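# Structure at a glance
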Amino acid sequence: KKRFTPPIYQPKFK
Amino acid sequence: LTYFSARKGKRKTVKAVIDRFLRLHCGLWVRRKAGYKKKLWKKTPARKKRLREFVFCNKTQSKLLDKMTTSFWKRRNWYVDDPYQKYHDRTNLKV
Amino acid sequence: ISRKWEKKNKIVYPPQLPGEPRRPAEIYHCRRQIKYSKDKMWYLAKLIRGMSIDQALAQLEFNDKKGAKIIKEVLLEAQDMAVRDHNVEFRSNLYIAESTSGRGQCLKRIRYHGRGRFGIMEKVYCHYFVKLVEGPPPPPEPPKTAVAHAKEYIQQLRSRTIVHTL
Amino acid sequence: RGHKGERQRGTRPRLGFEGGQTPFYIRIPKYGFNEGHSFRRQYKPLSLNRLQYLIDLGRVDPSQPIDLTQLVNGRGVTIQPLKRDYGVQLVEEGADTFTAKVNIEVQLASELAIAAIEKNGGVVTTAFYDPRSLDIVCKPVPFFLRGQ
Amino acid sequence: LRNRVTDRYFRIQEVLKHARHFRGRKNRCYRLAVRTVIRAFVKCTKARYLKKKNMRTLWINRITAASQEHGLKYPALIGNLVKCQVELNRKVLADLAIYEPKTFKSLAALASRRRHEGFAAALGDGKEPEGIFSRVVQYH
Amino acid sequence: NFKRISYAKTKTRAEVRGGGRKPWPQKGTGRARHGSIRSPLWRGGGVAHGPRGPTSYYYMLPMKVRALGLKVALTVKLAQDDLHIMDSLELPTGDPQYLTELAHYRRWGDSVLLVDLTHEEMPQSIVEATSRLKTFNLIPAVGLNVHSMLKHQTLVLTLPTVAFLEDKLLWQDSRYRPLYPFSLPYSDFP
Amino acid sequence: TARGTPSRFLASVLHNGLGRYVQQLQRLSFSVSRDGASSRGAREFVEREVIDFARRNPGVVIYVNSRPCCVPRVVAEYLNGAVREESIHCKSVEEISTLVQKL
Amino acid sequence: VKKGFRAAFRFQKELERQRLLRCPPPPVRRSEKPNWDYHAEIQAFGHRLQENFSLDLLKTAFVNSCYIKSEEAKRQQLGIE
Amino acid sequence: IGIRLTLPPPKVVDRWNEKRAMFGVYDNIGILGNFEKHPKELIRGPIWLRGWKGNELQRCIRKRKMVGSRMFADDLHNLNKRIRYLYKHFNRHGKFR
RNA sequence: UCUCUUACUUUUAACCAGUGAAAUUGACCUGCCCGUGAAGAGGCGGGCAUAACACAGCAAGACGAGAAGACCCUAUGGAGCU
RNA sequence: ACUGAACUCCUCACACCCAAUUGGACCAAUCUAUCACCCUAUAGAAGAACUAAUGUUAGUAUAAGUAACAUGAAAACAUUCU
RNA sequence: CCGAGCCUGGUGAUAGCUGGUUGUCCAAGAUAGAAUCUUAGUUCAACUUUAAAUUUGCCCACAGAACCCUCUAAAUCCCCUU
RNA sequence: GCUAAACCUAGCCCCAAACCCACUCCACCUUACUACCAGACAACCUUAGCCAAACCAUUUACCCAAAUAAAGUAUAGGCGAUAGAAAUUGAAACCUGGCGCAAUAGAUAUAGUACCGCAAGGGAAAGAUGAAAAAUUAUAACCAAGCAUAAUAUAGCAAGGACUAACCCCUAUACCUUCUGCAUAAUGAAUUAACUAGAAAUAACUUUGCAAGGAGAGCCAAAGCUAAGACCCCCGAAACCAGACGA
Ligand SMILES: [Mg+2]
Ligand SMILES: [Mg+2]
Ligand SMILES: [Mg+2]
Ligand SMILES: [Mg+2]
Ligand SMILES: [Mg+2]
Ligand SMILES: [Mg+2]
Ligand SMILES: [Mg+2]
Ligand SMILES: [Mg+2]
Ligand SMILES: [Mg+2]
Ligand SMILES: [Mg+2]
Ligand SMILES: [Mg+2]
Ligand SMILES: [Mg+2]
Ligand SMILES: [Mg+2]
Ligand SMILES: [Mg+2]
Ligand SMILES: [Mg+2]
Ligand SMILES: [Mg+2]
Ligand SMILES: [Mg+2]
Ligand SMILES: [Mg+2]
Ligand SMILES: [Mg+2]
Ligand SMILES: [Mg+2]
Ligand SMILES: [Mg+2]
Ligand SMILES: [Mg+2]
Ligand SMILES: [Mg+2]
Ligand SMILES: [Mg+2]
Ligand SMILES: [Mg+2]
Ligand SMILES: [Mg+2]
Ligand SMILES: [Mg+2]
Ligand SMILES: [Mg+2]
Ligand SMILES: [Mg+2]
Ligand SMILES: [Mg+2]
Ligand SMILES: [Mg+2]
Ligand SMILES: [Mg+2]
Ligand SMILES: [Mg+2]
Ligand SMILES: [Mg+2]
Ligand SMILES: [Mg+2]
Ligand SMILES: [Mg+2]
Ligand SMILES: [Mg+2]
Ligand SMILES: [Mg+2]
Ligand SMILES: [Mg+2]
Ligand SMILES: [Mg+2]
Ligand SMILES: [Mg+2]
């Protein structure tokens, strides 16, 4: 199948 | 086997053991032979006689049944006309 | 945070006995939180490390690096304070004993790589530390000659014992 | 805990399970060994030599009628109304070397014990107690504090 | 956090003080220092056998050198010194070869004499004197 | 230890706020598998085997054993020259420094446990004198205990207290089985 | 480890055995506590065996300070300026006697 | 913070040792240190080399002239007889 | 770095406190008070554990039995889940079955 | 397109100045041949080689990096469909 | 004939070289009772010990000063030019 | 990021499967099989560990353990002394 | 010597006791925070499933009377995993604490804020002088990794034996897990600091007490009974169900 993993954004305060 | 019950926090007993076995106060368990009332027409009189016997259990089986039953079933009973009264004690046993 | 280089000019020595070496003057100076990389600053400090004050200023005047003018400014203030505060009569009679760069407090920013992925950017800062000693620069150590090589080889041969015995 | 498996991971099958084969405690046919166990009557045995010992050690006094409450107050028998004990049964263990001359009231008695007690000039009678009266006569003081 | 560890530094230093003379990150970083110190201590324990063996090999080499200086061979010298009932070990034999060359020459001469006497004995079955530096001394 | 109740408690990985969802699905990225924040492996997560609720440490030694301990402590106090028996605790003045000077002059010790009877016949003089002292502790006979007798250097009883203690500790010997609690009539038991 | 530790050669102090043997131990200083469970072995050592030790070897000066301490100690000072300090904390009297004889 | 006192005391002792190593004080006389009894030291000295010295003669041999001049200078500068 | 650079403030303990000096008093009150009171009745604490030791599952079951009707909603949900989990753990998991 | 490729321009490139990531990383003082060995070695055996240190390239190896193989099997693990 | 083990002898000492599993002797920190009083003791207890979980968080490295990214020209800085 | 959305809750779902499981020191310690939707697991045997009670355990000699055809081997069982 | 390091106290936890809150003016169910207009619609309902039964298909504790005991007994049940009473018993009015945490801990909390999401919803991080800062003084340093002071020297798991000498000589196939067996080119790991994983019964064993009786009612008892000690982990699916939120 079409296995995709969306990217993860870190919290903006760091 | 419900070591701790959700109501009292107590150990429970397996009732199949109680329905199938008798415990003498000495520590011995008495059972009946398997198949002692199944297809007696294909069995010899000696086989049926040895199937009609009340027999003792292993050490391993005895400890398993003691674990599966509660200490209420291990107390000393004083029934009126118990046919197993004389078997509740051991005599002339050395270590 | 530690600021100990600043307090090295507050040391007061007891008065020397008349018959004693001059005890040349010793001046410490620094600049904190320079918007520059500490490796890039280390290269300029390493160049300046052994020179006299005038030669170091001359070398830093014609270097086209961002930290060259910063180190030049630091050296100029160090020279001025050496003549004014620490009793150095000849403004040209100073040489650089210590010249080094150190990491400063930095910041972190986001880099926005070419997907929903990213990196962390660091806004680099650095410190510059200089130390001036009054007097002419010490002569450079001459390379050892073949005579010295032979002498040390002979001494190595003569130093050997009979090992693992009486 | 050993290496992996159900052992180290703690997810071991229940006690009595034997790996899938019909267990031992299920293979055996059912038999009515303990069929009506909670309804059978029980009687604490009281031997003639124990009664003689009680008499000799300053405990329950033959000069007065001896019944369940006297035996419990002398602490010769401990009767449990719960656990289905219906009183004291008299047994002939110390039939000989028994010189007591007592008037005792029990719930069961063997003919040899009756002979032994009647033989020393005493009288033995056999009475009945329901569980409630058993509790009352064994511990009268709590019944009196009960207020009934 | 009831009773967490307080003196972890002293355990880290207990391991790290045996790594100060190492090279790389294993002289300061515990995770690598501990492994390298374990190996170093195992090597220290195992090195005693090798030290004994290597010192004996050095003695044998030195004795061979001295015996060849005197024209003898090491097996001949050792065997005939045993046969003369002089029980000097390889250590003291090398000691004498380095520091008492006169004594070592005397020892080599005695071994050569005993070897020649052994050859004469293998030729003549004694008959009469069976050699002079033969005739072992008996004890009871 | 029998009266101790420990009120220390932690939150397990189910009582910590949040953590219901699974972050960063199982197989995609190159991160370790996790099914919840607030797991014990996480900062801010639950405690795996921390203290749980108020815990009680209640148990009872047999009262024969405890009475034996009382007799043993009295025996030790007598054998080590630490027991003093008075006719009555009475002071002409009724001030703490008098009692302290008396103890110092009599070479009793630093901590003195004075024992009286019934807590009501305690005289005003000793009550006033001892209510200010720190190492001088006035207790009735009913409160005598091994911990206090060991904590105080010297034990100071009275004659009625001696008789009371003798009777109460001797009753434990030559006593029957309970057969029901001793707060019930028990004809000869007061 | 030898490669991780210093080393020296076998030697004497002042050619001890050539003329007269001299006791290299100069002083023993004891810190022992009046009260304190850790100084009980030291307490009984001072009670019994310190006097006999001093009488046995009179070239050694022994001081006992008797100060409040959690760790009783013995400091041995030698003719060549060497100072060695040992803990006699929670040690038996035989242990302390063996320690001082070794010192 | 972490509750406790033993690790803190140990680290304070370690820091004091490191400070002493980094800045060693100038050495002083053994007579200026706690454990010192001069008469006992003299007797033990005489006893250790297996000799029978005259005690007063040994004290005289250990006195020095410069010491005497320093002492008299100290007394004359302090005004004490 | 983990150790404090300073010594923690000296913590003085008053051993002759009121509480420390009176600790243990009126214990043995049943033994030498004609058994009018039990020492277990000198215990102060939660209503569901006074004179009772119990397990952790036993403690949870007892607390829900005795005081679980006037508990807060989230606390009671937590107790129910804890009892469920503890039942499963003490009845299905571990060595020694 | 190719036989069969060549020339120039722009970008890139390389150097100088400013700013300044990411995957990756057990530690590394990180050579070749033959042999060996969990069966394909920089690290083991036997030989050979061998002052130190930047810069630009290349892609033969580091069973190179990435994604706890999707192919195959197993699980008294699932789910969609008939 | 010699060399050659941790085999055996020699001087001294000896509990001091198997996975899972099992028995045992001690024991670091902390808190509590009572001691102690430059950091200890006898006991009771427990959130009681981390070279490793593509572990969690924070710091800082490596890759790397690398990949990458900017400002059309002259001048009076009015303006003009491409 | 749809063979069936997403969020919260049941939920610390369950995992015979992988990974991990933290002071010192000493000691004993390697298993014939049976059954099982069972062979990636478990239960009973067997081996192993601890503590107790008691008396024999191992090694073994004579004598002894159908036949049947054609051989019938290395050996085995039993077994006092020692 | 830089970066750094270190610190007590904000607060919190578990109990006890006590039943607790809410209109200054104005605005706020329409597109909430909107001064002012004619269809008046309206709520009341058995959870399910995961899981256990080593599959699963009947079944599988979880409900709101102080305790205790009867009793894990009677009973129920693919009579099997497990489920499980009652009669009866009896349950002394008052006392403001901590062998709890101390900034990765203790509440998510400095805050349900910032930030993320259309929405339901998810959800942070962090502070440290001193009596005085209307004392800006000079001190106070010492301590992780990373660097600098101070690049390098034939050869080789980085060391050990050593040695007069750092190297040169000789010896030596990282660790963990997993396996019949790994230097293995099988797993994992840049490194530092902090956090991070064995919870309990039956029956035995040892040590006390008392002893044909023990136990502070109930229970056990042909030396037993009472009390104590000692004892059974952590992370991870794809799933299923209920109720909301989304064109
Ligand atoms: Mg494992
Ligand atoms: Mg297996
Ligand atoms: Mg939750
Ligand atoms: Mg990764
Ligand atoms: Mg999960
Ligand atoms: Mg937390
Ligand atoms: Mg550039
Ligand atoms: Mg090859
Ligand atoms: Mg290159
Ligand atoms: Mg490699
Ligand atoms: Mg690959
Ligand atoms: Mg995989
Ligand atoms: Mg299967
Ligand atoms: Mg040899
Ligand atoms: Mg914990
Ligand atoms: Mg822990
Ligand atoms: Mg760590
Ligand atoms: Mg880790
Ligand atoms: Mg590059
Ligand atoms: Mg470029
Ligand atoms: Mg799990
Ligand atoms: Mg694997
Ligand atoms: Mg062994
Ligand atoms: Mg089947
Ligand atoms: Mg399997
Ligand atoms: Mg199932
Ligand atoms: Mg299962
Ligand atoms: Mg299935
Ligand atoms: Mg009822
Ligand atoms: Mg917090
Ligand atoms: Mg938080
Ligand atoms: Mg450092
Ligand atoms: Mg080499
Ligand atoms: Mg394999
Ligand atoms: Mg191998
Ligand atoms: Mg590997
Ligand atoms: Mg694998
Ligand atoms: Mg990796
Ligand atoms: Mg399923
Ligand atoms: Mg479905
Ligand atoms: Mg639309």
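Procedures and definitions
- Residues numbered from 1 in each chain as written, not as in the entry; some residues may be left out.
- Chains lettered and ligands numbered in written order.
- Part of a larger assembly, values for the part shown.
- Heavy atoms only, no water.
- UniProt positions renumbered as here; feature names shortened; annotations may be inferred.
- Helix = DSSP H or I, 4+ residues; strand = E, 2+ residues; numbered from the N terminus.
- Buried < 20%, exposed > 50% of the residue type's maximum accessible area, 1.4 Å probe, protein only.
- Contact = heavy atoms within 4.5 Å.
- Areas by Shrake-Rupley, 256 points an atom, 1.4 Å probe, with all protein chains shown as cover.
- Near = heavy atom within 4 Å.
- Polar contact = N/O pair within 3.5 Å; in protein donor to acceptor, adjacent residues only side chain to side chain.
- Nonpolar A, V, L, I, M, F, W, Y, C, P; charged D, E, K, R; others polar.
- Pairing = 2+ DSSP bridges.
- Right-handed = clockwise from strand over helix to strand, strands pointing away.
- Buried area = accessible area lost by both parts, 1.4 Å probe.
- Salt bridge = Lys/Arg side-chain N within 4 Å of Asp/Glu carboxyl O.
- Expected span 1.5 Å × (residues − 1).
- Axes fitted to C-alpha atoms, helices over the stretch in contact; angles between N-to-C directions.
- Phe/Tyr/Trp six-rings, centres within 6.5 Å; stacked < 30°, edge-to-face > 60°.
- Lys NZ or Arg CZ within 6 Å of the ring centre and 35° of its normal.
- Patch = residues over 30% accessible without salt bridge, like charges linked within 9 Å, V, L, I, M, F, W, Y side chains within 5 Å.

The PDB entry annotates chain F as 39S ribosomal protein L4, mitochondrial originating from Homo sapiens. What the PDB entry is called, per its title line, is "Human 39S mitoribosome in complex with antibiotic Linezolid". In the Sequence similarities part of its UniProt record, chain F is described as follows: "Belongs to the universal ribosomal protein uL4 family."

Looking at the PDB entry, one finds chain E named 39S ribosomal protein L20, mitochondrial and attributed to Homo sapiens. On record in UniProt, under Subcellular location, the comment for chain E is "Mitochondrion". UniProt, in its Sequence similarities section for chain E, records the words "Belongs to the bacterial ribosomal protein bL20 family."

Scanning chain F from N- to C-terminus turns up five helices and six strands. The C-alpha extent of chain F, read off along each of the three principal axes, is 90 × 50 × 30 Å. Counting only residues that meet the buried cut, chain F has 41% of its 190 residues in that class. For chain F, long-range pairs separated by at least 24 residues make up 70% of all intrachain contacts whose partners lie at least 6 apart in sequence. When the accessible surface of chain F is split by element, carbon and sulfur atoms take 55% of a total near 11,600 Å².

This brings us to the protein's contact with RNA strand M. Surveying the vicinity of RNA strand M reveals 180 residues, the closest of which are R20(B), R103(C), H3(D), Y25(D) and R38(F). Here a phosphate oxygen of RNA strand M and a side-chain polar atom of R50(D) are 2.7 Å apart. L1(E) is positioned such that a nitrogen or oxygen atom in its backbone is 2.9 Å from a phosphate oxygen of RNA strand M. Take the surface near RNA strand M: its biggest share by element is 11 residues, from helix 2 (residues 30-69) of chain E. Partitioning the surface near RNA strand M into residue classes produces 66 nonpolar, 42 polar and 72 charged.

The next point concerns the protein's contact with RNA strand J. Taken together, 23 residues lie around RNA strand J, and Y36(C), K66(C), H113(C), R25(E) and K27(F) are the ones closest in. Expressed as a percentage, the sugar and phosphate content of the atoms of RNA strand J within 4 Å of the protein is 79%. In the environment of RNA strand J, a sugar or linking oxygen lies 3.4 Å from a nitrogen or oxygen atom belonging to the backbone of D64(C). Here the surface near RNA strand J gets four residues from one element, more than from any other, and that element is strand 4 (residues 120-123) of chain C. Considered class by class, the residues forming the surface near RNA strand J number five nonpolar, five polar and 13 charged.

Moving on to the pairing of strand 2 (residues 61-64) of chain G. Residues and elements named next belong to chain G. Alternating positions in strand 2 separate cleanly, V61 and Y63 being buried on one face and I62 and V64 remaining unburied on the opposite face. For strand 1 (residues 25-31) and strand 2, the ladder comprises four bridges, and the chain directions are parallel. Residue pairing for strand 2: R27 is matched across the bridge by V61. Between strand 1 and its parallel partner strand 2, the chain crosses via helix 1 (residues 40-56), and the hand of that crossover is right-handed.

Attention now goes to the interface of chain F and chain I. Think of interface size as the accessible area that goes away when the parts come together; that is how it is often given. On the chain I side, the residues contacting the 44 residues of chain F number 37 residues. Across the interface of chain F and chain I, roughly 3,600 Å² is buried in total on both sides, 61% from carbon and sulfur atoms. When the buried area of chain F at its contact with chain I is split by residue, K3(F), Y58(F) and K151(F) rank highest and sum to 17% of it. In this structure, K3(F) and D27(I) form a salt bridge, with 3.5 Å as the shortest nitrogen-oxygen distance. Remark: the boundary between chain F and chain I carries 10 residue pairs in polar contact. Listing elements by their share of the side of chain F that touches chain I, those giving two or more residues are strand 2 (55-56), helix 1 (63-79), strand 5 (136-140), helix 4 (146-151) and helix 5 (159-171) of chain F. Its residues assigned to classes, the side of chain F that touches chain I comprises 23 nonpolar, 14 polar and seven charged.

As a further point, take the pattern of salt bridges. Within this structure, the stated rule accounts for 40 salt bridges over all chains. Among the ionic pairs, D52(G) bridges to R55(G), the shortest N-O distance being 3.9 Å. One end of the pair is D52(G) and the other is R55(G), both in helix 1 and three residues apart, which spans about a single turn. The exposure class of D52(G) is partly exposed, given its relative accessible area of 38%. Of the residues examined, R55(G) reaches a relative accessible area of 64% and is grouped as exposed. Put simply, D7(E), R11(E), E14(E) and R10(H) are held in one network by salt bridges that share partners.

Residue and element names in this part refer to chain E. With 40 residues, helix 2 extends 55 Å from end C-alpha to end C-alpha; this agrees with the ideal 58 Å at 1.5 Å per step. Residues of helix 2 that are buried include every one of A33, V37, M55, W59, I63, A66 and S67, and no others. Looking at the buried positions of helix 2, the neighbouring elements they touch are helix 1 (8-16), helix 3 (74-83), helix 4 (90-99) and helix 5 (101-124). Looking one or two places after helix 2, you find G71, whose phi comes out positive at around 90 degrees.

With that settled, the discussion passes to the sheet that holds strand 5 of chain F. Residue and element names in this part refer to chain F. With parallel pairing, four strands are arranged side by side in an open sheet as 3-6-4-5. Two strands close off the open sheet at either side, each with one partner strand: strand 3 (83-86) and strand 5. Averaged over neighbouring strand pairs, the angle between their axes works out to 20 degrees when direction is ignored. By the bridge criterion, four bridges tie strand 3 to strand 6 (residues 154-158) in an arrangement that is parallel. What sits directly across from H84, in strand 6, is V156. Together, strand 3, strand 4 (112-116) and strand 6 form the strand contacts of helix 5, whose direction differs from that of strand 6 by roughly 95 degrees.

Moving on, we come to unusual backbone geometry. Note that the residue after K127(E), namely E128(E), is joined by a cis bond; omega there is 0 degrees. Examined against the element boundaries, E128(E) turns out to sit in the segment after helix 5. In this model, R23(C) sits at a positive phi of 55 degrees, which is unusual for a non-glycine residue. Along the polypeptide, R23(C) turns up in the segment before strand 1 (26-34). Under the relative-accessibility criterion, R23(C) is labelled partly exposed at 39%. We note that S66(G) has phi near 60 degrees; this positive angle belongs to a residue other than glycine. With respect to the helices and strands, the residue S66(G) is situated in the loop between strand 2 and strand 3 (73-78). In this structure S66(G) comes out as partly exposed when scored by relative accessible area, which is 46%.

A few words on the packing of aromatic side chains. Within the structure shown, the criterion is met by 31 aromatic pairs over all chains. Ring geometry for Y84(B) and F33(D): centres 6.3 Å apart, planes at 65 degrees, overall edge-to-face. Of this pair, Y84(B) sits in the segment after helix 3 (59-68) while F33(D) sits in the loop between helix 2 (24-27) and strand 1 (42-47), each in a different chain. The class of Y84(B) is partly exposed, set by a relative accessible area of 22%. Ring geometry for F2(F) and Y58(F): centres 6.4 Å apart, planes at 50 degrees, overall tilted. Pair noted here: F2(F) is in the segment before strand 1 (5-6) and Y58(F) is in the loop between strand 2 and helix 1, with a separation of 56 residues, a long-range link. Pair check on accessibility: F2(F) and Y58(F) agree, each one buried. Each residue in the set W171(F), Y180(F), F182(F), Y186(F), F189(F) and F35(I) is aromatic and connected to the rest through ring pairs, giving one cluster. Directly above the aromatic system of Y31(D) lies the positively charged group of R32(B), at a separation of 5.0 Å from the ring centroid. A cation over a ring is seen here: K35(C) above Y125(C), with NZ or CZ 4.8 Å from the ring centre.

It is worth spelling out a nonpolar patch on the surface at this point. Residue and element names in this part refer to chain C. Taken together, the side chains of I110, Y112 and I120 make up a nonpolar region of the molecular surface, amounting to roughly 340 Å² of accessible area. Inspection of the secondary structure puts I110 in strand 3 (residues 107-110). Note on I110: relative accessible area 36%, which makes it partly exposed.

Residue and element names in this part refer to chain G. Its place among the elements puts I88 in the loop between strand 4 (83-87) and helix 2 (93-102). Through-space distance from the C-alpha of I88 to that of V100 is 10.0 Å; in sequence the pair is 12 residues apart. With near-sequence residues (within four places) excluded, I88 lies in contact with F30, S38, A42, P72, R73, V74, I96 and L99.

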